[PDB]
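Asks: Contents of data.tsv (TSV, C-alpha atoms and all ligand atoms) are below:
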```tsv
chain	number	residue	atom	x	y	z
A	1	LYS	CA	12.66	-21.81	16.58
A	2	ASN	CA	13.64	-23.24	13.16
A	3	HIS	CA	12.66	-19.98	11.33
A	4	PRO	CA	15.80	-18.64	9.71
A	5	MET	CA	14.08	-16.88	6.80
A	6	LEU	CA	11.40	-15.24	8.85
A	7	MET	CA	13.99	-14.16	11.42
A	8	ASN	CA	16.30	-12.68	8.76
A	9	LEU	CA	13.40	-10.63	7.22
A	10	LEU	CA	12.36	-9.32	10.65
A	11	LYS	CA	15.86	-8.25	11.56
B	1	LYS	CA	-10.01	14.59	19.46
B	2	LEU	CA	-6.99	12.82	17.86
B	3	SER	CA	-3.86	13.03	20.02
B	4	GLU	CA	-0.55	13.98	18.37
B	5	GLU	CA	0.73	10.49	19.06
B	6	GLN	CA	-2.38	9.00	17.39
B	7	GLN	CA	-1.92	11.14	14.28
B	8	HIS	CA	1.69	10.06	14.33
B	9	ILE	CA	0.69	6.36	14.49
B	10	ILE	CA	-1.62	6.79	11.50
B	11	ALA	CA	0.94	8.66	9.41
B	12	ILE	CA	3.54	5.88	10.04
B	13	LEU	CA	1.05	3.04	9.18
B	14	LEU	CA	-0.02	4.81	5.94
B	15	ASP	CA	3.59	5.28	4.78
B	16	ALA	CA	4.47	1.71	5.78
B	17	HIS	CA	1.61	0.39	3.69
B	18	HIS	CA	2.53	2.61	0.75
B	19	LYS	CA	6.05	1.29	0.86
B	20	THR	CA	4.89	-2.36	1.06
B	21	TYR	CA	1.93	-2.30	-1.30
B	22	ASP	CA	2.40	-1.45	-4.99
B	23	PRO	CA	-0.97	-0.65	-6.56
B	24	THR	CA	0.66	-1.27	-10.06
B	25	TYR	CA	1.48	-4.90	-9.30
B	26	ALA	CA	4.67	-4.65	-11.35
B	27	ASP	CA	6.54	-7.37	-9.42
B	28	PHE	CA	3.88	-9.94	-10.44
B	29	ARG	CA	5.81	-10.51	-13.66
B	30	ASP	CA	8.57	-12.22	-11.60
B	31	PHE	CA	6.26	-15.00	-10.42
B	32	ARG	CA	6.03	-18.31	-12.20
B	33	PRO	CA	3.38	-17.79	-14.82
B	34	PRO	CA	-0.33	-18.26	-14.10
B	35	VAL	CA	-1.88	-21.38	-15.84
B	36	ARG	CA	-5.68	-21.70	-16.37
B	37	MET	CA	-5.83	-24.63	-18.92
B	38	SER	CA	-5.39	-28.90	-14.99
B	39	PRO	CA	-5.42	-29.63	-11.29
B	40	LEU	CA	-3.07	-27.42	-9.25
B	41	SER	CA	-2.12	-25.48	-12.36
B	42	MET	CA	-2.45	-22.06	-10.62
B	43	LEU	CA	-0.55	-23.37	-7.57
B	44	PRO	CA	2.97	-22.27	-8.62
B	45	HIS	CA	1.84	-18.77	-9.52
B	46	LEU	CA	-0.37	-18.33	-6.47
B	47	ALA	CA	2.25	-19.79	-4.08
B	48	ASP	CA	4.64	-17.17	-5.51
B	49	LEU	CA	2.16	-14.48	-4.96
B	50	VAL	CA	1.60	-15.67	-1.39
B	51	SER	CA	5.37	-15.82	-0.73
B	52	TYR	CA	5.85	-12.34	-2.02
B	53	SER	CA	2.89	-11.10	0.00
B	54	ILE	CA	4.40	-12.71	3.16
B	55	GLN	CA	7.58	-10.61	2.63
B	56	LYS	CA	5.57	-7.48	2.18
B	57	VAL	CA	3.48	-8.13	5.29
B	58	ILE	CA	6.70	-8.71	7.30
B	59	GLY	CA	7.96	-5.32	6.04
B	60	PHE	CA	4.69	-3.64	7.09
B	61	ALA	CA	4.77	-5.27	10.52
B	62	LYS	CA	8.25	-3.96	11.30
B	63	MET	CA	7.03	-0.41	10.90
B	64	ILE	CA	4.19	-0.83	13.45
B	65	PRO	CA	5.01	1.42	16.38
B	66	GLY	CA	6.02	-0.76	19.35
B	67	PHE	CA	6.46	-3.91	17.28
B	68	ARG	CA	10.27	-3.66	17.39
B	69	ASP	CA	10.15	-3.71	21.22
B	70	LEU	CA	8.78	-7.24	21.16
B	71	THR	CA	11.10	-10.19	21.46
B	72	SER	CA	12.27	-11.75	18.26
B	73	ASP	CA	10.42	-14.98	19.22
B	74	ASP	CA	7.19	-13.13	19.86
B	75	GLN	CA	7.59	-11.21	16.55
B	76	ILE	CA	7.95	-14.60	14.86
B	77	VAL	CA	4.87	-16.04	16.59
B	78	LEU	CA	2.74	-12.99	15.60
B	79	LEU	CA	3.77	-13.00	11.95
B	80	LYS	CA	3.43	-16.69	11.45
B	81	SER	CA	-0.13	-16.76	12.80
B	82	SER	CA	-1.33	-13.53	11.13
B	83	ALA	CA	0.37	-13.86	7.78
B	84	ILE	CA	-2.52	-15.50	5.94
B	85	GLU	CA	-5.03	-13.13	7.64
B	86	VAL	CA	-3.10	-10.00	6.59
B	87	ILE	CA	-2.74	-11.34	3.10
B	88	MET	CA	-6.51	-11.76	3.18
B	89	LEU	CA	-7.00	-8.29	4.52
B	90	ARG	CA	-4.48	-6.61	2.25
B	91	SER	CA	-6.00	-8.51	-0.72
B	92	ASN	CA	-9.22	-6.44	-0.32
B	93	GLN	CA	-7.60	-3.52	-2.19
B	94	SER	CA	-7.40	-5.58	-5.39
B	95	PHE	CA	-10.73	-7.37	-4.73
B	96	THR	CA	-13.60	-6.07	-6.92
B	97	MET	CA	-17.31	-6.55	-6.30
B	98	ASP	CA	-18.13	-6.50	-10.04
B	99	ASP	CA	-16.30	-9.70	-10.97
B	100	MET	CA	-16.21	-11.19	-7.43
B	101	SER	CA	-12.53	-11.42	-8.15
B	102	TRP	CA	-9.14	-9.96	-7.30
B	103	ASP	CA	-8.03	-7.59	-10.05
B	104	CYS	CA	-4.32	-6.96	-10.23
B	105	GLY	CA	-4.34	-4.74	-13.43
B	106	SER	CA	-4.15	-7.52	-16.07
B	107	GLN	CA	-6.19	-10.40	-17.33
B	108	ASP	CA	-3.26	-12.79	-16.44
B	109	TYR	CA	-3.22	-11.30	-12.91
B	110	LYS	CA	-6.97	-11.35	-12.35
B	111	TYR	CA	-8.03	-14.09	-9.88
B	112	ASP	CA	-11.47	-15.73	-9.52
B	113	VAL	CA	-12.95	-18.64	-7.61
B	114	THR	CA	-11.83	-21.12	-10.27
B	115	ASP	CA	-8.25	-19.90	-10.15
B	116	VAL	CA	-8.26	-20.40	-6.39
B	117	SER	CA	-9.74	-23.84	-6.99
B	118	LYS	CA	-6.66	-24.48	-9.28
B	119	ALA	CA	-4.53	-23.69	-6.23
B	120	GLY	CA	-5.84	-26.92	-4.66
B	121	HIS	CA	-8.26	-25.47	-2.13
B	122	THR	CA	-11.97	-26.55	-1.84
B	123	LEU	CA	-15.13	-24.38	-1.93
B	124	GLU	CA	-15.47	-25.01	1.81
B	125	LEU	CA	-12.59	-22.54	2.23
B	126	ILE	CA	-13.05	-20.47	-0.91
B	127	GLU	CA	-16.73	-19.58	-0.40
B	128	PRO	CA	-16.26	-17.90	3.06
B	129	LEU	CA	-13.08	-16.22	1.72
B	130	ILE	CA	-15.07	-14.43	-1.03
B	131	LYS	CA	-17.89	-13.63	1.40
B	132	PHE	CA	-15.26	-12.10	3.66
B	133	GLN	CA	-13.95	-9.96	0.86
B	134	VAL	CA	-17.49	-8.77	0.01
B	135	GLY	CA	-18.35	-7.82	3.60
B	136	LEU	CA	-15.00	-6.11	4.12
B	137	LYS	CA	-15.31	-4.23	0.83
B	138	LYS	CA	-18.84	-3.01	1.86
B	139	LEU	CA	-17.37	-1.49	5.07
B	140	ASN	CA	-15.75	0.97	2.62
B	141	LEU	CA	-12.90	1.63	5.04
B	142	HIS	CA	-10.75	4.72	4.90
B	143	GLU	CA	-7.17	3.75	4.14
B	144	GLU	CA	-6.29	4.85	7.76
B	145	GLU	CA	-8.83	2.34	9.09
B	146	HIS	CA	-7.50	-0.33	6.76
B	147	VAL	CA	-3.88	0.07	7.78
B	148	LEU	CA	-4.90	0.12	11.44
B	149	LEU	CA	-6.96	-3.03	11.04
B	150	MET	CA	-3.93	-4.83	9.56
B	151	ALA	CA	-1.64	-3.73	12.35
B	152	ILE	CA	-4.25	-4.72	15.00
B	153	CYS	CA	-4.55	-8.19	13.41
B	154	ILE	CA	-0.78	-8.68	13.55
B	155	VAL	CA	-0.31	-7.54	17.22
B	156	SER	CA	-2.88	-9.89	18.85
B	157	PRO	CA	-2.23	-11.12	22.40
B	158	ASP	CA	-4.53	-14.05	21.73
B	159	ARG	CA	-2.12	-16.00	19.56
B	160	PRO	CA	-0.84	-19.47	20.47
B	161	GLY	CA	2.75	-19.60	21.74
B	162	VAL	CA	3.07	-15.93	22.67
B	163	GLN	CA	5.51	-15.31	25.57
B	164	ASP	CA	4.73	-11.71	26.49
B	165	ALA	CA	0.94	-11.41	26.01
B	166	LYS	CA	0.79	-8.34	28.23
B	167	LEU	CA	3.24	-6.31	26.11
B	168	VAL	CA	1.52	-7.40	22.91
B	169	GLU	CA	-1.83	-6.28	24.44
B	170	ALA	CA	-0.49	-2.83	25.34
B	171	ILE	CA	0.86	-2.38	21.80
B	172	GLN	CA	-2.53	-3.38	20.28
B	173	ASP	CA	-4.49	-1.30	22.74
B	174	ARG	CA	-2.78	1.86	21.55
B	175	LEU	CA	-3.63	0.91	17.95
B	176	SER	CA	-7.25	0.01	18.96
B	177	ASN	CA	-7.65	3.38	20.76
B	178	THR	CA	-6.17	5.13	17.75
B	179	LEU	CA	-8.65	3.36	15.44
B	180	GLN	CA	-11.68	3.98	17.69
B	181	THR	CA	-10.81	7.63	18.00
B	182	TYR	CA	-10.16	7.93	14.29
B	183	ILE	CA	-13.52	6.41	13.45
B	184	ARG	CA	-15.29	8.82	15.83
B	185	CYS	CA	-13.38	11.96	14.92
B	186	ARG	CA	-12.48	11.35	11.23
B	187	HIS	CA	-15.36	9.14	10.07
B	188	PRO	CA	-18.69	10.69	9.11
B	189	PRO	CA	-22.10	9.04	9.70
B	190	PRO	CA	-23.63	6.84	8.32
B	191	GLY	CA	-20.41	5.11	7.20
B	192	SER	CA	-19.07	5.26	10.84
B	193	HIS	CA	-21.95	3.61	12.76
B	194	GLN	CA	-20.92	0.36	14.43
B	195	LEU	CA	-18.00	0.48	12.14
B	196	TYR	CA	-15.61	-0.61	15.02
B	197	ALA	CA	-17.75	-3.53	16.08
B	198	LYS	CA	-17.88	-4.65	12.42
B	199	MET	CA	-14.12	-4.29	12.05
B	200	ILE	CA	-13.70	-6.36	15.21
B	201	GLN	CA	-16.01	-9.01	13.77
B	202	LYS	CA	-13.79	-9.28	10.61
B	203	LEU	CA	-10.85	-10.12	12.88
B	204	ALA	CA	-12.98	-13.00	14.21
B	205	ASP	CA	-13.89	-14.11	10.68
B	206	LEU	CA	-10.21	-14.09	9.78
B	207	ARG	CA	-9.43	-16.52	12.62
B	208	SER	CA	-11.99	-19.00	11.26
B	209	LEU	CA	-10.61	-18.69	7.75
B	210	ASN	CA	-7.17	-19.13	9.18
B	211	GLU	CA	-8.25	-22.45	10.84
B	212	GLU	CA	-9.76	-23.78	7.66
B	213	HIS	CA	-6.64	-22.75	5.68
B	214	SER	CA	-4.28	-24.51	8.00
B	215	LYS	CA	-6.36	-27.70	7.57
B	216	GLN	CA	-6.51	-27.62	3.79
B	217	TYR	CA	-2.83	-26.54	3.78
B	218	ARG	CA	-1.85	-29.67	5.76
B	219	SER	CA	-3.74	-31.75	3.18
B	220	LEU	CA	-2.24	-30.01	0.19
B	221	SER	CA	1.26	-29.92	1.78
B	222	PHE	CA	1.13	-33.47	3.16
B	223	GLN	CA	1.74	-34.67	-0.40
B	224	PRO	CA	5.42	-34.11	-1.27
B	225	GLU	CA	4.64	-33.43	-4.97
B	226	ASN	CA	2.48	-30.43	-4.02
B	227	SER	CA	4.84	-29.22	-1.35
B	228	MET	CA	7.51	-29.02	-4.09
B	229	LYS	CA	5.35	-26.34	-5.79
B	230	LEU	CA	5.57	-24.04	-2.80
B	231	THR	CA	8.37	-21.62	-1.91
B	232	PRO	CA	10.88	-22.00	0.96
B	233	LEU	CA	9.33	-19.04	2.84
B	234	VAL	CA	5.76	-20.38	2.41
B	235	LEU	CA	6.93	-23.79	3.81
B	236	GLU	CA	8.68	-22.15	6.75
B	237	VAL	CA	5.79	-19.83	7.52
B	238	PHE	CA	2.79	-22.13	7.05
B	239	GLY	CA	4.32	-25.53	7.79
B	240	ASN	CA	5.72	-28.77	6.39
A	301	LIG	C1	-0.73	-7.83	-3.33
A	301	LIG	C2	-1.89	-8.34	-3.10
A	301	LIG	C3	-2.97	-8.15	-4.08
A	301	LIG	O1	-4.05	-7.51	-3.44
A	301	LIG	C4	-3.32	-9.53	-4.65
A	301	LIG	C5	-3.59	-10.55	-3.57
A	301	LIG	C6	-4.53	-11.49	-3.79
A	301	LIG	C7	-4.84	-12.57	-2.84
A	301	LIG	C8	-5.49	-13.70	-3.16
A	301	LIG	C9	-6.13	-14.00	-4.52
A	301	LIG	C10	-5.58	-15.32	-5.02
A	301	LIG	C11	-5.73	-16.44	-3.96
A	301	LIG	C12	-5.02	-16.09	-2.68
A	301	LIG	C13	-3.53	-15.96	-2.98
A	301	LIG	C14	-5.25	-17.04	-1.49
A	301	LIG	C15	-4.40	-18.33	-1.48
A	301	LIG	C16	-4.34	-19.11	-2.82
A	301	LIG	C17	-4.86	-19.31	-0.40
A	301	LIG	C18	-6.31	-19.75	-0.59
A	301	LIG	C19	-6.97	-19.97	0.74
A	301	LIG	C20	-7.21	-18.64	1.45
A	301	LIG	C21	-7.21	-18.77	2.97
A	301	LIG	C22	-3.99	-20.60	-0.30
A	301	LIG	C23	-2.50	-20.37	-0.14
A	301	LIG	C24	-1.71	-21.69	-0.03
A	301	LIG	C25	-0.29	-21.38	0.34
A	301	LIG	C26	-1.76	-22.47	-1.36
A	301	LIG	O2	-2.28	-22.56	1.02
A	301	LIG	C27	-5.09	-16.15	-0.24
A	301	LIG	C28	-5.20	-14.67	-0.72
A	301	LIG	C29	-5.67	-14.82	-2.17
A	301	LIG	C30	-2.83	-10.47	-2.25
A	301	LIG	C31	-2.12	-9.17	-1.86
A	301	LIG	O3	-0.78	-9.44	-1.30
```
In structure tokens, what does this structure look like?
Ligand SMILES: C=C1[C@H](O)CC(=C/C=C2\CCC[C@]3(C)[C@@H]([C@H](C)[C@@H](CCCC)CCC(C)(C)O)CC[C@@H]23)C[C@H]1O
Replies:
Amino acid sequence: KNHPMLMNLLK
Amino acid sequence: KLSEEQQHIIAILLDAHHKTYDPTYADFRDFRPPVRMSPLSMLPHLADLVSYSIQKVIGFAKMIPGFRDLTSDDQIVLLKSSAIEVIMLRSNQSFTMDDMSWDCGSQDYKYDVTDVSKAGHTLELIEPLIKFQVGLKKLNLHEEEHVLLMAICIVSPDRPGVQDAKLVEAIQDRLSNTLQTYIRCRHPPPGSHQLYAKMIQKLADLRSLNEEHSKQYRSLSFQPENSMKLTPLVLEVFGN
């Protein structure tokens, strides 16, 4: 929820 | 009596840590330079170091058996809440009792209480942080225990905003059982006595440090000038 960078790094 | 699965879990967590933790600290040269003169003068360097360390913790987490089976949202919730705690935990490897400081192989990359002060945090946070490091260092954990403690901290059911607490709990439980059995089977007295209960207590200490950090971070970050000194990942992960 509004965490594009974290989501990208996680997969 | 370590099951084959349990030995498997440990082998994966050791490799994952080796791949995400460089004991030479070579990448530290890519951070904005440390400055030990003004106020907030270590902030740019230390925010860089935090941002880097968030990436590395994310890369560790993804290797934790079962972690990938969680929902993306739950993975996000777990990383965001544990990130500072794992950075604290993982920092113990560079922390040295002699200097009461974190020693990353260079005078420029050696951090003491005053450097942390130059990051804009008060002694109210910094003092318990160093005490934490000292008590954790005294546990003298085997690297297997250390990597397990990190993984256990990340996969906590008791985190706000978690959707599937029950699945998170079952992932953790298997790590907790693995740790407990490792301490019993692979850890010799006297080092091993009440070692689990003490490791569990550090997880509680981390939560308190985490609370105090979020408070001082809101204060630091609340000013836009200071916020500008942070990185985009640090702002996303901690807040803004
Ligand atoms: C690679 C390593 C090495 O072991 C070196 C590491 C050292 C960690 C340190 C020492 C410097 C101060 C650090 C960065 C701390 C921050 C400045 C931290 C102080 C409050 C602690 C709760 C504030 C971070 C911000 C973003 C400014 O709020 C946390 C961990 C500390 C971390 C780890 O990733």
Asks: Identify, on the basis of all atoms listed in the file, every residue whose closest approach to residue A:11 does not exceed 9 Å; exclude the query and any residue fewer than 3 positions from it along the same chain; express the result as a PyMOL selection string.
Replies: (chain A and resi 6-8) or (chain B and resi 62+72)
Asks: Select, as a list in words, those residues of chain A with any atom no more than 8 Å from chain B (distances computed using only C-alpha atoms).
Replies: residues 1, 3, 5, 6, 7, 9 and 10 of chain A
Asks: Write the residues of the preceding selection, restricted to C-alpha atoms, as an mmCIF file, keeping the file's coordinate frame.
Replies:
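Result file follows (out.cif):
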```cif
data_model
loop_
_atom_site.group_PDB
_atom_site.id
_atom_site.type_symbol
_atom_site.label_atom_id
_atom_site.label_comp_id
_atom_site.auth_asym_id
_atom_site.auth_seq_id
_atom_site.Cartn_x
_atom_site.Cartn_y
_atom_site.Cartn_z
ATOM 1 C CA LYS A 1 12.660 -21.810 16.580
ATOM 2 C CA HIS A 3 12.660 -19.980 11.330
ATOM 3 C CA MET A 5 14.080 -16.880 6.800
ATOM 4 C CA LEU A 6 11.400 -15.240 8.850
ATOM 5 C CA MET A 7 13.990 -14.160 11.420
ATOM 6 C CA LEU A 9 13.400 -10.630 7.220
ATOM 7 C CA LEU A 10 12.360 -9.320 10.650
#
```
Asks: Residues contacting ligand LIG 301 (chain A) - anything with an atom at most 6 Å away, using only C-alpha atoms and all ligand atoms - can you give me those as a list in words?
Replies: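 If we count only C-alpha atoms and all ligand atoms, the neighbours of ligand LIG 301 (chain A) turn out to be residues 46, 47, 50, 53, 87, 88, 90, 91, 93, 94, 102, 111, 116, 119, 209, 213 and 217 of chain B.
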Asks: Can you pull out every residue within 9 Å of residue B:182, counting all atoms listed in the file, but drop anything in the same chain fewer than 2 positions away, and send it as a PyMOL selection string?
Replies: chain B and resi 1-2+6-7+144-145+177-180+184-187
Asks: I need the residue nearest residue B:117 from this list: B:40, B:183, B:205, B:198. Use only C-alpha atoms for the distance.
Replies: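 For residue B:117, the nearest of the candidates is B:40.
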Asks: To one decimal place in Å, what is the distance between atom CA of residue B:48 and atom CA of residue B:229?
Replies: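 We find that atom CA of residue B:48 and atom CA of residue B:229 lie 9.2 Å from each other.
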Asks: Given the choices B:84, B:125, B:235, B:175, which gets closest to residue A:4 if the distance is worked out from only C-alpha atoms?
Replies: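 Looking only at the distances to residue A:4, the closest residue turns out to be B:235.
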Asks: Just the number, please: distance in Å from atom CA of residue B:203 to atom CA of residue B:149, one decimal.
Replies: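 About the pair atom CA of residue B:203 and atom CA of residue B:149: they are 8.3 Å apart.
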Asks: Go ahead and compute the interatomic distance for atom CA of residue B:219 and atom CA of residue B:238, in Å to one decimal.
Replies: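 That distance, rounded to one decimal, is 12.3 Å.
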Asks: Save stretch 123-149 of chain B from what I just supplied, as a short mmCIF file (atom, residue, chain, number, x, y, z; two decimals), in the first residue's frame, atoms limited to N, CA and C atoms.
Replies:
```cif
data_model
loop_
_atom_site.label_atom_id
_atom_site.label_comp_id
_atom_site.auth_asym_id
_atom_site.auth_seq_id
_atom_site.Cartn_x
_atom_site.Cartn_y
_atom_site.Cartn_z
N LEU B 123 20.42 10.69 23.40
CA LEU B 123 21.02 9.65 24.22
C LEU B 123 19.92 8.73 24.77
N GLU B 124 18.71 9.27 24.89
CA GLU B 124 17.56 8.47 25.29
C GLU B 124 17.36 7.21 24.43
N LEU B 125 17.59 7.36 23.12
CA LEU B 125 17.66 6.21 22.21
C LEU B 125 19.04 5.57 22.18
N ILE B 126 20.09 6.38 22.04
CA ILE B 126 21.41 5.80 21.84
C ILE B 126 21.89 4.95 23.02
N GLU B 127 21.66 5.37 24.26
CA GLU B 127 22.17 4.63 25.39
C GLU B 127 21.66 3.17 25.38
N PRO B 128 20.32 2.95 25.34
CA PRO B 128 19.80 1.56 25.30
C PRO B 128 20.24 0.75 24.06
N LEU B 129 20.42 1.43 22.92
CA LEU B 129 21.01 0.83 21.74
C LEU B 129 22.40 0.20 22.02
N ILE B 130 23.29 0.95 22.65
CA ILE B 130 24.64 0.42 22.95
C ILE B 130 24.54 -0.67 24.00
N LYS B 131 23.72 -0.46 25.02
CA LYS B 131 23.49 -1.53 26.02
C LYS B 131 22.98 -2.81 25.36
N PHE B 132 22.15 -2.64 24.35
CA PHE B 132 21.63 -3.81 23.63
C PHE B 132 22.75 -4.54 22.98
N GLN B 133 23.58 -3.79 22.27
CA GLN B 133 24.73 -4.37 21.58
C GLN B 133 25.64 -5.13 22.58
N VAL B 134 25.89 -4.53 23.73
CA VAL B 134 26.77 -5.17 24.72
C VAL B 134 26.13 -6.49 25.18
N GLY B 135 24.88 -6.46 25.64
CA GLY B 135 24.25 -7.71 26.06
C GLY B 135 24.13 -8.77 24.98
N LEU B 136 23.91 -8.37 23.72
CA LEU B 136 23.82 -9.33 22.64
C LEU B 136 25.20 -9.91 22.38
N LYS B 137 26.22 -9.04 22.36
CA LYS B 137 27.59 -9.48 22.11
C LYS B 137 28.00 -10.51 23.17
N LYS B 138 27.72 -10.22 24.44
CA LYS B 138 28.00 -11.19 25.56
C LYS B 138 27.31 -12.55 25.38
N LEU B 139 26.15 -12.63 24.74
CA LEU B 139 25.57 -13.95 24.49
C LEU B 139 26.50 -14.86 23.64
N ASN B 140 27.43 -14.25 22.92
CA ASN B 140 28.43 -14.93 22.14
C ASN B 140 27.84 -15.97 21.19
N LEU B 141 26.81 -15.55 20.44
CA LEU B 141 26.00 -16.52 19.69
C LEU B 141 26.82 -17.17 18.61
N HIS B 142 26.53 -18.44 18.34
CA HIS B 142 27.02 -19.10 17.14
C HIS B 142 26.32 -18.47 15.94
N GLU B 143 27.03 -18.35 14.83
CA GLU B 143 26.47 -17.74 13.66
C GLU B 143 25.10 -18.36 13.30
N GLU B 144 24.92 -19.67 13.49
CA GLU B 144 23.62 -20.35 13.28
C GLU B 144 22.51 -19.74 14.17
N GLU B 145 22.86 -19.45 15.42
CA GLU B 145 21.90 -18.85 16.33
C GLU B 145 21.55 -17.44 15.89
N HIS B 146 22.57 -16.73 15.45
CA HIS B 146 22.45 -15.35 15.00
C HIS B 146 21.54 -15.21 13.79
N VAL B 147 21.75 -16.08 12.81
CA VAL B 147 20.95 -16.02 11.59
C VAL B 147 19.52 -16.42 11.87
N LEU B 148 19.36 -17.38 12.76
CA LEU B 148 18.02 -17.80 13.22
C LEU B 148 17.31 -16.72 13.97
N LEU B 149 18.04 -16.02 14.84
CA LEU B 149 17.42 -14.91 15.59
C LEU B 149 16.89 -13.80 14.65
#
```
